[PDB]
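# What the coordinates show
These are the residues of each chain, in order.
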There are 2 protein chains.
Amino acid sequence: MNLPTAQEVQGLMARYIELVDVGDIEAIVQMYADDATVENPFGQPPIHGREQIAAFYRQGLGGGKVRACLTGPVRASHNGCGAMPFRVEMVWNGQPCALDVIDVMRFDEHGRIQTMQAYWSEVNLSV
Amino acid sequence: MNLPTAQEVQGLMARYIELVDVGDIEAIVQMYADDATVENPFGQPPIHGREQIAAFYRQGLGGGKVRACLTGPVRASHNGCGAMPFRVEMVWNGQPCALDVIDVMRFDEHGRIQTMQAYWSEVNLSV
């Protein structure tokens, strides 16, 4: 595809959450541009490229039974960007915890995630 | 105050929504840095400075009985930034419409909004 329309952004960002929810690391990595930048959480140094992104997601979505779901609609722009609210459920010290997150994404002219910023901090975690 | 902590960002961004909800234009303008940039919707040219921001808000929050409420928690960073989901209710052609929005804000070292980006498009409007 080309630079995603607002409707296409909604579709792509919702698909991303579906992939996080099932934990398909390889499928998530393929949604990213080969040289994408990820800031997660926003405020920490960016990581870069699909190798680093794969390592990041495998560490995050490997062991525990992670779930993820949108908690409101995707807000999309007309310049290939969007933002969405979601909740991530994960098991910590064998305790179920939930994390509220907002992801902002910019897509490239091929429909892959060029940049993403994940807004959250410890205030957004519930043990 | 100084560069807002994550907790302070949550407070400030929630206060902003409260001010939009009551429609206190002057109070909203004072939350912004004197030279702040606003992109609303994200994708359109930025406006700059409190005069332009006051004009923007007066046009948006003047006539109709606008309401606004958070539709999830504020996601705050440790570098003075945050993101929040909310819904704006407004009257269009005398028809009540609702707009789902995510605002991303960066605060300056005095606790004022330096930049803000409002993510939404027509897909997010309900007439």
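Residues numbered from 1 in each chain as written, not as in the entry; some residues may be left out. Chains lettered and ligands numbered in written order. Heavy atoms only, no water.

Method of determination for the deposited model, per the PDB record: X-ray crystallography, at 1.3900 Å resolution.

The PDB entry lists chain A under the name Delta(5)-3-ketosteroid isomerase, from Pseudomonas putida. Turning to chain A, the UniProt annotation filed under Catalytic activity states: "a 3-oxo-Delta(5)-steroid = a 3-oxo-Delta(4)-steroid". (UniProt positions renumbered as here; feature names shortened; annotations may be inferred.)

### A closer look at a nonpolar patch on the surface
All names here are of chain A. Nonpolar side chains collect at one region of the surface, where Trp92, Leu125 and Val127 lie side by side and expose about 310 Å² of accessible area between them. Looking at the secondary structure, you find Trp92 in strand β5 (residues 81–92). With relative accessibility at 48%, the residue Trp92 sits in the partly exposed group. (Patch = residues over 30% accessible without salt bridge, like charges linked within 9 Å, V, L, I, M, F, W, Y side chains within 5 Å. Areas by Shrake-Rupley, 256 points an atom, 1.4 Å probe, with all protein chains shown as cover. Salt bridge = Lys/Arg side-chain N within 4 Å of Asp/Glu carboxyl O. Helix = DSSP H or I, 4+ residues; strand = E, 2+ residues; numbered from the N terminus. Buried < 20%, exposed > 50% of the residue type's maximum accessible area, 1.4 Å probe, protein only.)

### Digging into the relation of the copies chain A and chain B
Between the two copies, chain A and chain B, the superposition gives an RMSD of 0.0 Å; the rotation angle is 180° and the shift along the axis is 0.0 Å. A rotation of that kind, with that shift, is consistent with a two-fold axis. Nearest to the rotation axis, the C-alpha of A:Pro85 is located 3.4 Å from it, this being the minimum over chain A. Of the interface residues in chain A, 100% have counterparts in chain B that sit at the interface too, so the contact is made through matching surfaces. (Least-squares fit on C-alpha atoms. Contact = heavy atoms within 4.5 Å.)

### What to know about the pattern of salt bridges
Residue and element names in this part refer to chain B. Using the criterion set out here, one finds 4 salt bridges over all chains in the structure. Here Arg87 ties to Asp100 by a salt bridge, and the two come within 3.4 Å at their closest N and O atoms. Separated by 13 residues along the polypeptide, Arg87 in strand β5 (residues 81–92) and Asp100 in strand β6 (residues 95–107) bring together distant segments of the chain.

### Quick look at the interface of chain A and chain B
Each side of the interface is counted separately: chain A has 29 residues, and chain B has 29 residues. Counting each side, the surface lost to burial between chain A and chain B is near 2,000 Å², with a carbon and sulfur contribution of 62%. Among the residues of chain A in contact with chain B, A:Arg75, A:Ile102 and A:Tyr119 are the three that bury the most area, contributing 30% of the side total. Where chain A packs against chain B, one counts 0 salt bridges. Where chain A touches chain B, the interface holds 10 residue pairs in polar contact. (Buried area = accessible area lost by both parts, 1.4 Å probe. Polar contact = N/O pair within 3.5 Å; in protein donor to acceptor, adjacent residues only side chain to side chain.)

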